[PDB]
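So this one's structure32.cif, mmCIF, N, CA and C atoms:
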```cif
data_coords
#
loop_
_atom_site.label_atom_id
_atom_site.label_comp_id
_atom_site.auth_asym_id
_atom_site.auth_seq_id
_atom_site.Cartn_x
_atom_site.Cartn_y
_atom_site.Cartn_z
N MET A 1 -10.49 -13.45 82.89
CA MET A 1 -9.47 -12.41 82.63
C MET A 1 -9.44 -12.13 81.12
N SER A 2 -10.22 -11.13 80.68
CA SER A 2 -10.48 -10.80 79.26
C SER A 2 -9.19 -10.36 78.56
N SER A 3 -8.49 -9.36 79.13
CA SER A 3 -7.25 -8.74 78.59
C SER A 3 -6.15 -9.78 78.37
N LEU A 4 -6.10 -10.84 79.19
CA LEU A 4 -5.11 -11.95 79.07
C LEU A 4 -5.44 -12.79 77.83
N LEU A 5 -6.66 -13.34 77.76
CA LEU A 5 -7.10 -14.28 76.69
C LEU A 5 -7.30 -13.53 75.36
N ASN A 6 -7.59 -12.22 75.40
CA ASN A 6 -7.76 -11.36 74.20
C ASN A 6 -6.41 -11.20 73.49
N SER A 7 -5.30 -11.19 74.24
CA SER A 7 -3.91 -11.02 73.72
C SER A 7 -3.47 -12.24 72.89
N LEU A 8 -4.03 -13.43 73.17
CA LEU A 8 -3.64 -14.71 72.51
C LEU A 8 -4.02 -14.72 71.03
N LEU A 9 -5.10 -14.02 70.64
CA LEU A 9 -5.59 -13.94 69.23
C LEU A 9 -4.54 -13.25 68.37
N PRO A 10 -4.40 -13.62 67.07
CA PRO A 10 -3.40 -13.01 66.19
C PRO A 10 -3.73 -11.55 65.86
N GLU A 11 -2.69 -10.74 65.60
CA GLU A 11 -2.77 -9.26 65.43
C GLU A 11 -3.68 -8.88 64.26
N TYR A 12 -3.73 -9.69 63.20
CA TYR A 12 -4.51 -9.41 61.96
C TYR A 12 -6.01 -9.63 62.21
N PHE A 13 -6.38 -10.61 63.05
CA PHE A 13 -7.78 -11.01 63.32
C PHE A 13 -8.38 -10.14 64.43
N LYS A 14 -9.52 -9.51 64.16
CA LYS A 14 -10.37 -8.77 65.14
C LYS A 14 -11.82 -9.19 64.93
N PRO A 15 -12.37 -10.13 65.74
CA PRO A 15 -13.69 -10.70 65.48
C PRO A 15 -14.84 -9.74 65.85
N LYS A 16 -15.99 -9.91 65.18
CA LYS A 16 -17.22 -9.09 65.40
C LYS A 16 -17.99 -9.65 66.60
N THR A 17 -19.06 -8.95 67.02
CA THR A 17 -19.78 -9.15 68.31
C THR A 17 -20.45 -10.53 68.34
N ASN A 18 -21.41 -10.76 67.44
CA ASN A 18 -22.31 -11.96 67.44
C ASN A 18 -21.68 -13.10 66.64
N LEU A 19 -22.08 -14.34 66.94
CA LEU A 19 -21.71 -15.58 66.20
C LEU A 19 -22.82 -16.63 66.39
N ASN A 20 -23.61 -16.88 65.35
CA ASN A 20 -24.75 -17.83 65.36
C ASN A 20 -24.23 -19.26 65.13
N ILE A 21 -23.81 -19.93 66.21
CA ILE A 21 -23.37 -21.36 66.19
C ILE A 21 -24.62 -22.24 66.06
N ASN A 22 -24.65 -23.13 65.07
CA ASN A 22 -25.82 -23.97 64.70
C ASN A 22 -25.38 -25.43 64.46
N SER A 23 -24.34 -25.89 65.16
CA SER A 23 -23.77 -27.26 65.04
C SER A 23 -22.87 -27.58 66.24
N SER A 24 -22.46 -28.85 66.37
CA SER A 24 -21.57 -29.38 67.43
C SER A 24 -20.12 -29.49 66.93
N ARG A 25 -19.78 -28.84 65.81
CA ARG A 25 -18.43 -28.89 65.18
C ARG A 25 -18.17 -27.60 64.41
N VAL A 26 -17.01 -26.97 64.64
CA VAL A 26 -16.57 -25.70 63.99
C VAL A 26 -15.10 -25.84 63.60
N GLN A 27 -14.79 -25.73 62.30
CA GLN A 27 -13.41 -25.55 61.78
C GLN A 27 -13.05 -24.06 61.87
N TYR A 28 -11.82 -23.75 62.27
CA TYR A 28 -11.24 -22.38 62.28
C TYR A 28 -9.80 -22.45 61.74
N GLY A 29 -9.41 -21.48 60.92
CA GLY A 29 -8.09 -21.44 60.27
C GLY A 29 -7.80 -20.10 59.62
N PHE A 30 -6.96 -20.10 58.58
CA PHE A 30 -6.65 -18.92 57.73
C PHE A 30 -6.33 -19.38 56.31
N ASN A 31 -6.53 -18.49 55.33
CA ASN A 31 -6.18 -18.69 53.89
C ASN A 31 -4.91 -17.89 53.59
N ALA A 32 -3.74 -18.55 53.64
CA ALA A 32 -2.41 -17.96 53.40
C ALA A 32 -1.98 -18.20 51.94
N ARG A 33 -0.95 -17.48 51.49
CA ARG A 33 -0.33 -17.60 50.14
C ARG A 33 1.14 -18.00 50.32
N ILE A 34 1.56 -19.11 49.70
CA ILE A 34 2.93 -19.70 49.82
C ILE A 34 3.67 -19.50 48.49
N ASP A 35 4.88 -18.94 48.54
CA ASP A 35 5.77 -18.69 47.37
C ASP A 35 7.04 -19.53 47.52
N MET A 36 7.01 -20.77 47.04
CA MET A 36 8.12 -21.76 47.15
C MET A 36 9.16 -21.51 46.06
N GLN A 37 10.43 -21.83 46.34
CA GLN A 37 11.57 -21.76 45.39
C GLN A 37 12.50 -22.96 45.64
N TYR A 38 12.64 -23.84 44.65
CA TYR A 38 13.39 -25.13 44.73
C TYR A 38 14.71 -25.01 43.95
N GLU A 39 15.78 -25.60 44.49
CA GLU A 39 17.12 -25.68 43.85
C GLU A 39 17.81 -26.99 44.25
N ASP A 40 18.33 -27.73 43.27
CA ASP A 40 19.12 -28.98 43.47
C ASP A 40 20.19 -29.07 42.36
N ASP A 41 20.86 -30.22 42.23
CA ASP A 41 21.99 -30.43 41.28
C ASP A 41 21.48 -30.44 39.83
N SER A 42 20.26 -30.93 39.58
CA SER A 42 19.62 -30.99 38.24
C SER A 42 19.35 -29.57 37.72
N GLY A 43 18.82 -28.68 38.57
CA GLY A 43 18.57 -27.26 38.24
C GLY A 43 17.70 -26.56 39.27
N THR A 44 17.00 -25.50 38.84
CA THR A 44 16.12 -24.63 39.67
C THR A 44 14.67 -24.76 39.17
N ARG A 45 13.69 -24.62 40.07
CA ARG A 45 12.24 -24.56 39.74
C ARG A 45 11.54 -23.64 40.74
N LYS A 46 10.68 -22.74 40.24
CA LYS A 46 9.94 -21.72 41.03
C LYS A 46 8.44 -21.90 40.81
N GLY A 47 7.66 -21.94 41.90
CA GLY A 47 6.19 -22.07 41.89
C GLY A 47 5.53 -21.13 42.88
N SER A 48 4.22 -21.29 43.10
CA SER A 48 3.40 -20.44 44.00
C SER A 48 2.03 -21.10 44.25
N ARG A 49 1.73 -21.45 45.51
CA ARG A 49 0.39 -21.91 45.96
C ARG A 49 -0.46 -20.67 46.24
N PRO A 50 -1.51 -20.39 45.44
CA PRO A 50 -2.27 -19.14 45.57
C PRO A 50 -3.20 -19.09 46.80
N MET B 1 -11.70 19.90 11.14
CA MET B 1 -10.45 20.28 11.85
C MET B 1 -9.76 18.99 12.34
N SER B 2 -8.85 18.45 11.53
CA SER B 2 -8.19 17.13 11.72
C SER B 2 -7.34 17.14 12.99
N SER B 3 -6.43 18.11 13.11
CA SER B 3 -5.45 18.26 14.23
C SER B 3 -6.16 18.35 15.59
N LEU B 4 -7.37 18.92 15.64
CA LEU B 4 -8.20 19.03 16.88
C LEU B 4 -8.71 17.64 17.28
N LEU B 5 -9.45 16.97 16.38
CA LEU B 5 -10.12 15.67 16.65
C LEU B 5 -9.09 14.53 16.74
N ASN B 6 -7.93 14.68 16.09
CA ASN B 6 -6.82 13.68 16.14
C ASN B 6 -6.20 13.65 17.55
N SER B 7 -6.19 14.79 18.25
CA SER B 7 -5.63 14.95 19.62
C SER B 7 -6.47 14.18 20.66
N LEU B 8 -7.77 13.98 20.41
CA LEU B 8 -8.72 13.34 21.36
C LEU B 8 -8.39 11.86 21.57
N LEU B 9 -7.83 11.18 20.55
CA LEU B 9 -7.47 9.74 20.61
C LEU B 9 -6.37 9.53 21.66
N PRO B 10 -6.34 8.37 22.36
CA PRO B 10 -5.34 8.11 23.39
C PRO B 10 -3.93 7.94 22.80
N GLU B 11 -2.90 8.28 23.58
CA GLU B 11 -1.47 8.36 23.16
C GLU B 11 -0.96 6.99 22.67
N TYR B 12 -1.45 5.89 23.25
CA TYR B 12 -1.00 4.51 22.93
C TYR B 12 -1.56 4.06 21.57
N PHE B 13 -2.78 4.48 21.22
CA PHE B 13 -3.50 4.05 19.99
C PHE B 13 -3.10 4.95 18.81
N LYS B 14 -2.65 4.32 17.71
CA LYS B 14 -2.39 4.97 16.39
C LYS B 14 -3.00 4.09 15.30
N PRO B 15 -4.21 4.42 14.79
CA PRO B 15 -4.93 3.53 13.87
C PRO B 15 -4.35 3.54 12.45
N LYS B 16 -4.54 2.44 11.72
CA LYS B 16 -4.07 2.25 10.32
C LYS B 16 -5.07 2.90 9.35
N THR B 17 -4.73 2.94 8.06
CA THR B 17 -5.41 3.75 7.01
C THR B 17 -6.85 3.25 6.80
N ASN B 18 -7.01 2.01 6.34
CA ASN B 18 -8.30 1.42 5.89
C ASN B 18 -9.04 0.77 7.06
N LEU B 19 -10.37 0.66 6.95
CA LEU B 19 -11.26 -0.06 7.90
C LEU B 19 -12.51 -0.53 7.15
N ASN B 20 -12.62 -1.85 6.91
CA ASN B 20 -13.74 -2.48 6.16
C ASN B 20 -14.92 -2.71 7.12
N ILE B 21 -15.77 -1.70 7.29
CA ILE B 21 -17.03 -1.77 8.09
C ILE B 21 -18.05 -2.57 7.28
N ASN B 22 -18.63 -3.62 7.88
CA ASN B 22 -19.55 -4.58 7.21
C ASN B 22 -20.76 -4.87 8.11
N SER B 23 -21.19 -3.88 8.91
CA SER B 23 -22.34 -3.98 9.85
C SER B 23 -22.80 -2.59 10.30
N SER B 24 -23.95 -2.53 10.98
CA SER B 24 -24.58 -1.29 11.54
C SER B 24 -24.27 -1.15 13.04
N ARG B 25 -23.28 -1.89 13.56
CA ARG B 25 -22.90 -1.89 14.99
C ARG B 25 -21.42 -2.24 15.14
N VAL B 26 -20.67 -1.44 15.89
CA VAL B 26 -19.21 -1.61 16.16
C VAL B 26 -18.95 -1.36 17.65
N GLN B 27 -18.43 -2.37 18.37
CA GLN B 27 -17.85 -2.22 19.73
C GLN B 27 -16.41 -1.73 19.58
N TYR B 28 -15.98 -0.80 20.44
CA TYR B 28 -14.59 -0.30 20.56
C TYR B 28 -14.23 -0.19 22.05
N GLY B 29 -13.01 -0.58 22.42
CA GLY B 29 -12.55 -0.60 23.82
C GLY B 29 -11.05 -0.81 23.92
N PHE B 30 -10.60 -1.39 25.04
CA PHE B 30 -9.20 -1.81 25.30
C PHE B 30 -9.18 -3.02 26.23
N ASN B 31 -8.12 -3.83 26.15
CA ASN B 31 -7.84 -4.98 27.04
C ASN B 31 -6.76 -4.58 28.05
N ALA B 32 -7.17 -4.15 29.25
CA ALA B 32 -6.30 -3.70 30.36
C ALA B 32 -6.04 -4.86 31.33
N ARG B 33 -5.04 -4.70 32.21
CA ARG B 33 -4.66 -5.66 33.28
C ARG B 33 -4.80 -4.95 34.64
N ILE B 34 -5.60 -5.52 35.55
CA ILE B 34 -5.93 -4.94 36.89
C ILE B 34 -5.24 -5.77 37.97
N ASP B 35 -4.48 -5.11 38.87
CA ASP B 35 -3.76 -5.74 40.01
C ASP B 35 -4.35 -5.21 41.32
N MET B 36 -5.39 -5.87 41.83
CA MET B 36 -6.15 -5.47 43.05
C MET B 36 -5.40 -5.96 44.30
N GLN B 37 -5.54 -5.23 45.41
CA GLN B 37 -5.00 -5.58 46.75
C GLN B 37 -6.02 -5.17 47.83
N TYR B 38 -6.55 -6.15 48.57
CA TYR B 38 -7.64 -5.99 49.57
C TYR B 38 -7.07 -6.10 50.99
N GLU B 39 -7.57 -5.27 51.91
CA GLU B 39 -7.20 -5.28 53.36
C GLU B 39 -8.42 -4.86 54.19
N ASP B 40 -8.75 -5.65 55.23
CA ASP B 40 -9.83 -5.36 56.21
C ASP B 40 -9.40 -5.90 57.58
N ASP B 41 -10.32 -5.94 58.56
CA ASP B 41 -10.05 -6.34 59.97
C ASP B 41 -9.75 -7.85 60.05
N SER B 42 -10.38 -8.67 59.20
CA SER B 42 -10.19 -10.14 59.13
C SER B 42 -8.76 -10.47 58.68
N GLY B 43 -8.26 -9.78 57.64
CA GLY B 43 -6.88 -9.93 57.14
C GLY B 43 -6.67 -9.27 55.79
N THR B 44 -5.68 -9.76 55.03
CA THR B 44 -5.26 -9.25 53.69
C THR B 44 -5.52 -10.33 52.63
N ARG B 45 -5.83 -9.92 51.40
CA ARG B 45 -5.95 -10.81 50.21
C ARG B 45 -5.50 -10.06 48.96
N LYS B 46 -4.68 -10.71 48.12
CA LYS B 46 -4.07 -10.14 46.89
C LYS B 46 -4.47 -11.00 45.69
N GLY B 47 -4.96 -10.37 44.61
CA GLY B 47 -5.36 -11.02 43.35
C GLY B 47 -4.87 -10.25 42.13
N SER B 48 -5.34 -10.64 40.94
CA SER B 48 -4.94 -10.04 39.64
C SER B 48 -5.89 -10.51 38.53
N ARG B 49 -6.62 -9.58 37.91
CA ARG B 49 -7.44 -9.82 36.68
C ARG B 49 -6.51 -9.72 35.47
N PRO B 50 -6.23 -10.83 34.75
CA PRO B 50 -5.23 -10.81 33.68
C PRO B 50 -5.70 -10.11 32.39
N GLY C 1 -1.72 -28.75 56.80
CA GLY C 1 -0.86 -29.22 55.69
C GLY C 1 0.61 -29.25 56.07
N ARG C 2 0.96 -30.03 57.10
CA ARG C 2 2.35 -30.17 57.62
C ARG C 2 2.58 -31.59 58.15
N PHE C 3 3.85 -31.98 58.27
CA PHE C 3 4.32 -33.31 58.74
C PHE C 3 5.05 -33.15 60.08
N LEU C 4 4.54 -33.80 61.13
CA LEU C 4 5.21 -33.96 62.45
C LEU C 4 5.83 -35.35 62.53
N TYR C 5 6.92 -35.50 63.29
CA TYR C 5 7.71 -36.76 63.42
C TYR C 5 6.92 -37.82 64.21
N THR C 6 5.93 -37.41 65.01
CA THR C 6 5.07 -38.30 65.84
C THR C 6 4.12 -39.14 64.97
N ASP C 7 3.99 -38.83 63.67
CA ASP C 7 3.16 -39.60 62.69
C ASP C 7 3.79 -40.97 62.40
N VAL C 8 5.08 -41.17 62.72
CA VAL C 8 5.80 -42.48 62.60
C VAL C 8 5.14 -43.49 63.55
N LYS C 9 4.72 -43.04 64.74
CA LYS C 9 4.06 -43.85 65.80
C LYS C 9 5.02 -44.93 66.30
N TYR C 10 6.25 -44.54 66.65
CA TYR C 10 7.26 -45.42 67.30
C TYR C 10 8.33 -44.56 67.99
N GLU C 11 8.17 -44.36 69.30
CA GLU C 11 9.23 -43.86 70.22
C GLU C 11 10.42 -44.82 70.18
N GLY C 12 11.65 -44.27 70.21
CA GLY C 12 12.91 -45.03 70.13
C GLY C 12 13.69 -44.70 68.86
N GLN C 13 14.62 -45.58 68.48
CA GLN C 13 15.55 -45.40 67.33
C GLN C 13 15.19 -46.41 66.23
N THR C 14 15.28 -45.99 64.96
CA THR C 14 14.93 -46.81 63.76
C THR C 14 15.60 -46.23 62.51
N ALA C 15 15.52 -46.97 61.40
CA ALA C 15 15.95 -46.56 60.04
C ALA C 15 14.80 -46.83 59.05
N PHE C 16 14.54 -45.88 58.14
CA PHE C 16 13.38 -45.88 57.21
C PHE C 16 13.84 -46.23 55.79
N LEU C 17 13.06 -47.07 55.10
CA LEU C 17 13.25 -47.45 53.67
C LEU C 17 12.15 -46.79 52.84
N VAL C 18 12.46 -45.67 52.18
CA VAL C 18 11.49 -44.82 51.43
C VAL C 18 11.30 -45.42 50.03
N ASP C 19 10.04 -45.58 49.60
CA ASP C 19 9.66 -46.09 48.26
C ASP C 19 9.60 -44.91 47.28
N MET C 20 10.62 -44.77 46.43
CA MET C 20 10.82 -43.60 45.52
C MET C 20 10.12 -43.84 44.17
N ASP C 21 9.73 -45.08 43.87
CA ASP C 21 9.07 -45.47 42.59
C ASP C 21 7.56 -45.16 42.67
N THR C 22 6.94 -45.32 43.84
CA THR C 22 5.47 -45.18 44.07
C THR C 22 5.15 -43.80 44.68
N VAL C 23 5.82 -42.74 44.21
CA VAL C 23 5.59 -41.33 44.66
C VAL C 23 4.41 -40.76 43.85
N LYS C 24 3.20 -40.81 44.43
CA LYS C 24 1.94 -40.31 43.82
C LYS C 24 1.96 -38.77 43.76
N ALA C 25 1.17 -38.20 42.86
CA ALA C 25 1.03 -36.74 42.61
C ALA C 25 -0.39 -36.30 42.95
N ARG C 26 -0.64 -35.95 44.22
CA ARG C 26 -1.98 -35.55 44.75
C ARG C 26 -2.27 -34.10 44.37
N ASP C 27 -1.40 -33.17 44.78
CA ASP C 27 -1.52 -31.71 44.52
C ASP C 27 -0.21 -31.20 43.90
N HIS C 28 -0.26 -30.68 42.67
CA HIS C 28 0.93 -30.27 41.87
C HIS C 28 0.86 -28.78 41.53
N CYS C 29 1.77 -27.99 42.10
CA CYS C 29 2.17 -26.64 41.63
C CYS C 29 3.31 -26.80 40.61
N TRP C 30 3.78 -25.71 40.00
CA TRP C 30 4.88 -25.71 38.99
C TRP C 30 6.21 -26.08 39.65
N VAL C 31 6.38 -25.75 40.94
CA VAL C 31 7.57 -26.11 41.77
C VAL C 31 7.72 -27.64 41.86
N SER C 32 6.60 -28.37 41.95
CA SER C 32 6.53 -29.82 42.29
C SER C 32 7.37 -30.66 41.31
N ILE C 33 8.37 -31.38 41.83
CA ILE C 33 9.23 -32.36 41.08
C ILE C 33 9.13 -33.72 41.78
N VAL C 34 9.36 -34.80 41.03
CA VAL C 34 9.24 -36.22 41.50
C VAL C 34 10.64 -36.80 41.79
N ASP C 35 11.67 -36.42 41.02
CA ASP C 35 13.04 -36.99 41.09
C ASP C 35 14.00 -35.96 41.70
N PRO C 36 14.28 -36.00 43.02
CA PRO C 36 15.31 -35.15 43.62
C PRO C 36 16.72 -35.69 43.34
N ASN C 37 17.71 -34.79 43.26
CA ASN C 37 19.12 -35.11 42.88
C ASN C 37 20.09 -34.25 43.70
N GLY C 38 20.86 -34.88 44.60
CA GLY C 38 21.93 -34.22 45.38
C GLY C 38 21.38 -33.53 46.62
N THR C 39 21.75 -32.26 46.83
CA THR C 39 21.39 -31.43 48.01
C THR C 39 20.14 -30.61 47.68
N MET C 40 19.02 -30.89 48.36
CA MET C 40 17.69 -30.26 48.11
C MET C 40 17.57 -28.99 48.95
N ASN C 41 17.33 -27.84 48.31
CA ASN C 41 17.08 -26.52 48.95
C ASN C 41 15.65 -26.07 48.63
N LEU C 42 14.82 -25.84 49.65
CA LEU C 42 13.45 -25.28 49.54
C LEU C 42 13.35 -24.03 50.41
N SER C 43 13.08 -22.87 49.79
CA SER C 43 12.89 -21.55 50.44
C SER C 43 11.48 -21.03 50.13
N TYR C 44 10.60 -20.98 51.14
CA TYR C 44 9.18 -20.55 51.02
C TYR C 44 8.94 -19.30 51.87
N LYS C 45 7.95 -18.49 51.46
CA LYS C 45 7.47 -17.27 52.17
C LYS C 45 5.95 -17.32 52.28
N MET C 46 5.41 -17.05 53.48
CA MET C 46 3.95 -17.01 53.76
C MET C 46 3.50 -15.55 53.95
N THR C 47 2.53 -15.10 53.15
CA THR C 47 1.94 -13.74 53.17
C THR C 47 0.43 -13.81 52.92
N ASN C 48 -0.29 -12.72 53.21
CA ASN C 48 -1.74 -12.52 52.93
C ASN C 48 -2.56 -13.51 53.77
N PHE C 49 -2.49 -13.39 55.10
CA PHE C 49 -3.30 -14.17 56.07
C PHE C 49 -4.70 -13.55 56.17
N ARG C 50 -5.74 -14.38 56.17
CA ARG C 50 -7.16 -13.96 56.38
C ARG C 50 -7.94 -15.12 57.02
#
```
Could you take the file, read its structure, and then write that structure out as structure tokens?
Amino acid sequence: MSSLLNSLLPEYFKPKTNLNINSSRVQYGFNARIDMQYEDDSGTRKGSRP
Amino acid sequence: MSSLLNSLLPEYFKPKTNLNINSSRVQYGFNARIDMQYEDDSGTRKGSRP
Amino acid sequence: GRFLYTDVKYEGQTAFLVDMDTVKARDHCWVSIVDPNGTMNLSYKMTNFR
């Protein structure tokens, strides 16, 4: 059931036709950007994981 | 014709009186900041050339 | 890069003694602090998936 399992993939990702698998192990993920903002009794601190 | 050739220079640049040229070669340019934003079928990526 | 409660590896009830002196610094952004004080607030945003 193609239309069922095709819906599970995320909206941003649309994969191409071919895939040359040449191993018994494949990592899959995404490269996201995190913008953290910290606050406590001592004070405030702002950072960013690129 | 000073007023004609003076108009060709960019609005931000106003040069000073003297210039001690001590060579047969001079580079001239500007240091700009580029804020690129990329989008394709795989996803989005945001960078910045400082 | 996340923490699940099942990493404790003990079903049931317990109390934890956290070692605050031996807090190593593996990956440090500008947000990263070693000494928390009072009520800790962390607000993060995830953007630019690829």
For atom N of residue 31 in chain A and atom N of residue 47 in chain C, the interatomic separation in Å (one decimal):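 Separation between atom N of residue 31 in chain A and atom N of residue 47 in chain C: 9.9 Å.
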Residue with smallest distance to chain C - pool A:27, A:6, A:37, A:20, counting all atoms listed in the file: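 Closest to chain C of all the choices is A:37.
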Length of the CA of residue 49 in chain A to CA of residue 39 in chain B vector [Å]: 19.7 Å
Proximal residues of chain B relative to chain C (only C-alpha atoms; 12 Å) as an MDAnalysis selection string: chainID B and resid 37:47
Residue IDs satisfying the PyMOL selection byres (((chain B and resi 34 and name CA) around 7) and name CA), as number ranges by chain: B: 32-33, 35-36, 48-50
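Between atom C of residue 26 in chain C and CA of residue 1 in chain C the interatomic distance comes to 12.4 Å.
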DSSP-assigned strand (DSSP E) among chain C, expressed as an MDAnalysis selection string: chainID C and resid 41:43 46:47
Residue with smallest distance to chain B - pool A:3, A:19, A:30, A:12, counting only N, CA and C atoms: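 Residue with the minimum atom-to-atom distance to chain B: A:12.
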Please build the interface table for chain A against chain B with a cut-off of 7 Å, listing for each qualifying residue the nearest atom pair and the distance in Å to one decimal; count only N, CA and C atoms, order rows by chain and increasing number, and write it as JSON lines.
```
{"residue": "A:12", "atom": "C", "partner": "B:42", "partner_atom": "C", "distance": 4.6}
{"residue": "A:13", "atom": "CA", "partner": "B:42", "partner_atom": "C", "distance": 4.8}
{"residue": "A:14", "atom": "N", "partner": "B:41", "partner_atom": "C", "distance": 4.4}
{"residue": "A:15", "atom": "N", "partner": "B:41", "partner_atom": "C", "distance": 6.7}
```
Helix (DSSP H, G or I) residues, from DSSP on the backbone, in chain A, as a PyMOL selection string: chain A and resi 2-7
Centre and edge lengths of an axis-aligned box around all listed atoms of range 18-29 of chain B, with 3 Å added on each side, are to be given in Å to one decimal, as AutoDock Vina command-line options.
```
--center_x -15.8 --center_y -1.4 --center_z 14.9 --size_x 23.6 --size_y 12.9 --size_z 24.0
```
Near-range 11-25 of chain C list (10 Å; only C-alpha atoms; drop same-chain fewer than 3 positions) as an MDAnalysis selection string: chainID C and resid 5:6 8 28 32:36
